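Naming convention: chains lettered A, B, ... in sequence-line order (proteins, then strands); numbering from 1 in each chain.
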Protein chains: 2
Amino acid sequence: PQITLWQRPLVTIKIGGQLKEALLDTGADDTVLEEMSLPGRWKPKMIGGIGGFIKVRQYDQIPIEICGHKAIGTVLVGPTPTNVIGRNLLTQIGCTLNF
Amino acid sequence: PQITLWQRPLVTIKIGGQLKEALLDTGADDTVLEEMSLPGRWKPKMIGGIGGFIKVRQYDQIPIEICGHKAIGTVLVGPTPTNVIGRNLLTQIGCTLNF
Ligand SMILES: COC(=O)N[C@H](C(=O)NN(CCC[C@@]1(O)Cc2ccc(cc2)C/C=C/CNC(=O)[C@H](C(C)C)NC1=O)Cc1ccc([C@H]2C=S=CC2)cc1)C(C)(C)C
Ligand SMILES: [Cl-]
Ligand SMILES: [Cl-]
Ligand SMILES: [Cl-]
């Protein structure tokens with residue numbers, strides 16, 4: 001698809017069999033979701049945003065569908081204000097910025 | 001241009017007679033720059049991201065040039081950890097996400 005930016009670029013993702021809404025964010029290195037359960041072991045990560053730093057749980061090699069495009073990669077889980085899909089997954093689904 | 005997302009999508013902007021580097025951020029409603037002087041009226045605003053909120057000054061109708069493309073819009077100025085170009089200016093240079 002081609003997504004213009006007059007509204008927030010919110011898309012449906014699927015992860016762990018569940019649909020969620022998430023924001024496609026080219027300004028984010030990483031993908032970070034609101035509290036949820038994921039399988040396996042996690043590692044610690046501190047990520048920085050506009051307001052400061054939060055601690056999140058890092059899960060690797062997680063399957064996630066983004067607008068129907070399949071990806072498998074690192075998902076961070078923590079107290080984010082919204083679900084955000086960052087460049088780690090945007091690259092997997094072949095996203096670019098164009099003007 | 002077509003901008004890949006293997007790396008952070010940094011561009012040069014011209015604003016208030018200054019050249020600055022900024023991040024093209026489809027997840028940002030607003031454009032926020034580190035402390036700088038701008039002409040004209042402003043009003044205070046709180047903006048939120050990962051890590052919580054910061055207080056910024058909101059300047060309206062500011063001319064900016066981004067990768068050779070002229071636009072005009074609201075620019076927020078304050079203690080942001082990095083310069084971000086948000087959707088309010090990305091729309092004006094005809095920037096889209098594609099995959
Ligand atoms: C390299 O680290 C990162 O990629 N951080 C990422 C990130 O925050 N990077 N930044 C992109 C902006 C994040 C976000 O689009 C992400 C975002 C957060 C909240 C919301 C939407 C989108 C809902 C709140 C509504 C309105 N909020 C915003 O639109 C704000 C803008 C006012 C900035 N939008 C955002 O803050 C900008 C940003 C980049 C770097 C840094 C750091 C540099 S040094 C320490 C931090 C801070 C902010 C992230 C998501 C993993 C925490
Ligand atoms: Cl990844
Ligand atoms: Cl504007
Ligand atoms: Cl358009």
Could you measure the distance from the [atom1] atom of [X] to the [atom2] atom of [Y]? Nearest 0.5 Å is fine.
| X | Y | atom1 | atom2 | answer |
| --- | --- | --- | --- | --- |
| A:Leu10 | A:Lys20 | CG | NZ | 14.5 Å |
| B:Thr96 | A:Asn98 | OG1 | CG | 5.0 Å |
| A:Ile85 | A:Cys67 | CD1 | SG | 6.5 Å |

With a cut-off of 6.0 Å (strictly less than), are more than 12 heavy atoms of other residues, nucleotides or ligands near [atom1] of [X]?
| X | atom1 | value |
| --- | --- | --- |
| B:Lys14 | NZ | yes |
| B:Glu35 | CD | yes |
| B:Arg8 | CZ | no |
| A:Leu38 | CG | yes |

Worked verdict on A:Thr12 versus A:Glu21 for side chain to side chain donor-acceptor pair (under 3.5 Å): CA-CA 5 Å; A:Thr12 301; A:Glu21 297 299 291; 2.8 Å; yes
Contact summary for [X] and [Y], nearest pair of heavy atoms:
| X | Y | value |
| --- | --- | --- |
| A:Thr74 | A:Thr31 | O-CB, 4.1 Å |
| A:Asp25 | B:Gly27 | OD1-N, 3.3 Å |
| A:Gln92 | A:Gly73 | NE2-CA, 4.1 Å |
| A:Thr80 | A:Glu34 | CG2-N, 3.6 Å |
| B:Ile93 | A:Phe99 | O-CB, 3.4 Å |

Quick check: is [Y] connected to [X] through a chain of hydrophobic side chains (ILVMFWY, heavy atoms under 4.5 Å apart)?
| X | Y | answer |
| --- | --- | --- |
| A:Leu23 | B:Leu97 | no |
| A:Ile64 | A:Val32 | no |
| A:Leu89 | A:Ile72 | no |
| A:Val11 | A:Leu76 | no |
| B:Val84 | A:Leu90 | no |

Derivation of the side-chain contact (heavy atoms from CB on, under 4.5 Å) call for B:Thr26 and A:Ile3: CA-CA 10 Å; B:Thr26 57; A:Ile3 300 166; over 6 Å; no
For residues 41-55 of chain B, which side-chain donor-acceptor pairs fall under 3.5 Å, sequence neighbours excluded?
none

Candidate list B:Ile66, B:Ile62, B:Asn83, test side chain to side chain contact (heavy atoms under 4.5 Å, CB included), partner B:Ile15, passing option: B:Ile62
Polar side-chain atom of A:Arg87 near backbone of B:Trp6 as donor-acceptor pair, under 3.5 Å: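 Judged by distance alone, yes, a pair lies under 3.5 Å.
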Any donor-acceptor N/O pair, A:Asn88 side chain to A:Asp30 backbone, under 3.5 Å: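 A pair under 3.5 Å: no.
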Verdict with supporting geometry, A:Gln18 and A:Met36, side-chain contact (heavy atoms from CB on, under 4.5 Å): CA-CA 10 Å; A:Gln18 292 303 312; A:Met36 62 174 305; over 6 Å; no
Side chain proximity check, A:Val75 to A:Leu33, heavy atoms < 4.5 angstrom: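 A:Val75 reaches A:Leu33 side chain to side chain.
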